[PDB]
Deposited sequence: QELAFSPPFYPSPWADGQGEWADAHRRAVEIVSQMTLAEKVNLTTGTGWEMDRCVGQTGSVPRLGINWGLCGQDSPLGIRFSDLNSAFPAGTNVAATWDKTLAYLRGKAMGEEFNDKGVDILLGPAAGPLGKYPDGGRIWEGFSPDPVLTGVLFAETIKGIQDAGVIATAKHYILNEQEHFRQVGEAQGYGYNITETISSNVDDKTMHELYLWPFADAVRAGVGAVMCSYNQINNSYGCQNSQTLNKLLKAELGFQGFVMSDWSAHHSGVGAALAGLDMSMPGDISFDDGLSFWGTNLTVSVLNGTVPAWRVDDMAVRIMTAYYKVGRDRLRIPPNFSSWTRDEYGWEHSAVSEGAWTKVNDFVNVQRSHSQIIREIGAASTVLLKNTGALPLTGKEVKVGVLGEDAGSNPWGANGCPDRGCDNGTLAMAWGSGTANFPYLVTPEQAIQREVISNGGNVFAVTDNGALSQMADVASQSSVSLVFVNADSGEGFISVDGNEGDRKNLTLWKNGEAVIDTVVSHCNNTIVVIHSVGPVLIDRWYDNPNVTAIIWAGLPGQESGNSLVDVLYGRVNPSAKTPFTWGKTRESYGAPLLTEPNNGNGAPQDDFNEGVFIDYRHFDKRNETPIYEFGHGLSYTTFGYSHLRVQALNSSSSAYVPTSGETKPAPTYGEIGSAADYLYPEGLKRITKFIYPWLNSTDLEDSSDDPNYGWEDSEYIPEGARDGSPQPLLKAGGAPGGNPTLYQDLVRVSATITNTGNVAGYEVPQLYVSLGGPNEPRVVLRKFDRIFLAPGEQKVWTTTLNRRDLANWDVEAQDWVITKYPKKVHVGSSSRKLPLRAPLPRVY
């Protein structure tokens, strides 16, 4: 009955090909010098809260790796630190539709992480992709569209890695919701389950939707990939040989390392052989002093179960990432502590051991990164509706600012751990995807400053119970700006019954009544929404007193200043929604899985919609959104003309051949080489690589130690002989003939209005055939045009852009169905269209 994940073995070994040759060579050179305990140190974290960073490996001080590799959250700024910046969330980056802004944000973040002593940034994210509009972590990623996500994910990775820090593509893969993601956490919420949720997805959907942005990340040169907490067809993400060995390593050709999510590692031998490379934070569960790896990995290799080539490959993949971004020349010891903001603390925080020492140096790493934050906030402010309220001119006599979302968090910008509250303006959602603010500029502050400077009077009512006081201010104002929000986050935090995932898609903090009060008293009401994702606005959006509506996402520390830049027209808004605004929750497709449906076994989440999420689903059901994917307004207008299409073919080459045999590097030795050194003071619960004695069974102490391999290990898992190459593989990101250009497309874009600004033209294709979506996004850019100016936008469609995943062939194939190309300003406003020429 249950979804099954078939075996793919062995775990592919790194090949040092292409742009990875130099870093792999330097990795082989150092790993060839390492003993087994040194290798194991790289693969295994030293335990929860045992060092400075949220994750930290063992060290190799004999060879100059003098402190462990340090991994730190988050995808929008350094977590658990100080004197750092708080960037706009991923969903805002997607709303900019701007490759360059995604790159620069990545670079700015990389600089901060580097300057704090961090080796590995735990991000950015393209999983969750965005199947569920109420999924708790959708905002951390980019968009439910895989092409928008993959492009901006890849640019963000390149910025981070150009700054000298290893990026970690996460969460791989199908962790679309928070409910049932972890057994202990589910049990704490009162649910009786004994395994995590299983995401069950067909092979075509996997390739065409969820995997696609990870292909982009690999091709962009991402150093690490983080495996997820959920299962995929009932095999855990950190030991799923299909996703890790076959799709990521054999097909996408990934040459870096796979790192577990925190306590997502569920077996020693099983995970190592199924493609895991690094166990974080290193213990079985936080501070239990046990490890699936560490000592157990040393023993698994000494007893012959995990071949030497596999542990050698782990250490090579890790060191390859290290050398690829230059950690050997850039790394400095972490100069802050995740676990306290005090100057002094215990060296090993979890157990109060080691030296009482200076754990925070107070190093300011902000530089002028406030400028890119302000910029991105303004370029991610989506103007959804504008019947002439905007821009503001500075001649407004009285301005009202209404709603708690305009005001300060009265507990301070950092006053709730992991931002686990919805107090004041919503500039950052909750969980591990967070950073501490250096400050937070509110809409109230920025609007008040600006109104005053223009001679206006201005009043801010920020108590969402004070409805009569709001009504009076609204009645007296020339324009009323009303602020509302909706929040969500990671599932280890629940705010008002939202257990990560949101329990509805409507407004928080009495926002529905706030809107009603203001709109019924002011015929020039502008609604500004800060939110993690879509909100159901059908009830009020079309009221004629609502003269403009803005979605500004989660803008980070410069929130108010970004917003006023757009309100007053210093920046002409250009952002487009990176998701659909539907009429009802049901319009989006299936609800979250929030009740166990497989007894007390793993809840089963069948991805029955296949590729049809967000706009694809609305298009297939012929549903009319309130605001479609790709919609946003400008203070000017843009016209589209002169579509031209030209074939370039001049062929796909399915990859054929064999790998090398699995190499080994560095002598393994025997148990007598790997005892705990005499005179080493063992730190309580710290995870080490060493053995209590030369008796391997006693040093491991596994209760099932020593079975025949075939009782618990799949066939081929230990086979280091040459393996066949997969047809759809061949280079990082897949077969390189996928990236050959087949068609060139041009369209002329004209600023047909009176104000300079950026437009986001979009190019969609129809691949044809029964059950293909009517249109799917393939190209976009953000282009600046003065009034009356024209530019010719030219792009190319490659083989992969026009292909479908053919499950019978196990390859990408351009089908025989007739295709079309469409260019315009959104997924529904597509005035240019033409047939594509036949290419294969």
Task: Parts of the chain sequence, as deposited, that carry no C-alpha coordinates in this structure - done: 1, 652-654
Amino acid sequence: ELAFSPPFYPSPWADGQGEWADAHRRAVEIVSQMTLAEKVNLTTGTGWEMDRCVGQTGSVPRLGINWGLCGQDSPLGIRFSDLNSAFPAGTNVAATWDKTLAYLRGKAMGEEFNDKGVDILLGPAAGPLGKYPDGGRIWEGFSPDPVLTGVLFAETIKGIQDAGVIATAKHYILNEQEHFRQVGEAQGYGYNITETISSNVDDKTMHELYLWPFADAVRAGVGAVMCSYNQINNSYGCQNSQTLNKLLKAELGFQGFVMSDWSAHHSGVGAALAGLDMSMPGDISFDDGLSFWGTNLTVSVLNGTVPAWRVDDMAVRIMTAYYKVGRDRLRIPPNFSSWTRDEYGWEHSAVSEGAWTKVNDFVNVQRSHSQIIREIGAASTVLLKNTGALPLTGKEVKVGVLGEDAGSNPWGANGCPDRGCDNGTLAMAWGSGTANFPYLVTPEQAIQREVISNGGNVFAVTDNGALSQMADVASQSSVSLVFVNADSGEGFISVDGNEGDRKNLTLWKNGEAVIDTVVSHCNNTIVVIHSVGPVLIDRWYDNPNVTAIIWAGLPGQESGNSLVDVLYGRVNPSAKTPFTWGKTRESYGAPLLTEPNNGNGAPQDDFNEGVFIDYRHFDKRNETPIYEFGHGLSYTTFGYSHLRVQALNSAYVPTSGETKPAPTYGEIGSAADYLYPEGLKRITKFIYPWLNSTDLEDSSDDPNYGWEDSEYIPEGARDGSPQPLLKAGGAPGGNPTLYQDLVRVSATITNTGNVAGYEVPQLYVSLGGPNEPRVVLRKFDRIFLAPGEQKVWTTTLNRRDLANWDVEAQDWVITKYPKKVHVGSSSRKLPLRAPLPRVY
From here on, numbers count along this sequence of modelled residues.
Open item on the list: When the Cα temperature factors in the entry are averaged, is it 784-792 or 768-776 that ends up higher?
Closed with: 768-776
TODO: Determine, for stretches 300-308 and 527-535, which one has the higher mean CA B-factor as deposited.
DONE: 300-308
Task: Per the PDB entry, maximal CA B factor within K583, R137, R219, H631 - done: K583
Task: Residue of maximum C-alpha B factor among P591, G556, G223, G431, per deposited coordinates - done: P591
TODO: Going by the recorded CA B-factors, say which third of the chain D695 sits in, lowest, middle or highest.
DONE: highest
- [ ] Classify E176 as lowest, middle or highest third according to the C-alpha B-factor given in the PDB entry, relative to its own chain.
- [x] middle
- [ ] Would you check the entry's CA temperature factor for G159 and let me know if it's in the chain's lowest, middle or highest third?
- [x] lowest
Open item on the list: Ranking the modelled residues of this chain by C-alpha B-factor as given in the entry, is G424 in the lowest, middle or highest third?
Closed with: middle
TODO: Just say lowest, middle or highest third for the CA B-factor of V201 relative to the other modelled residues in its chain.
DONE: highest
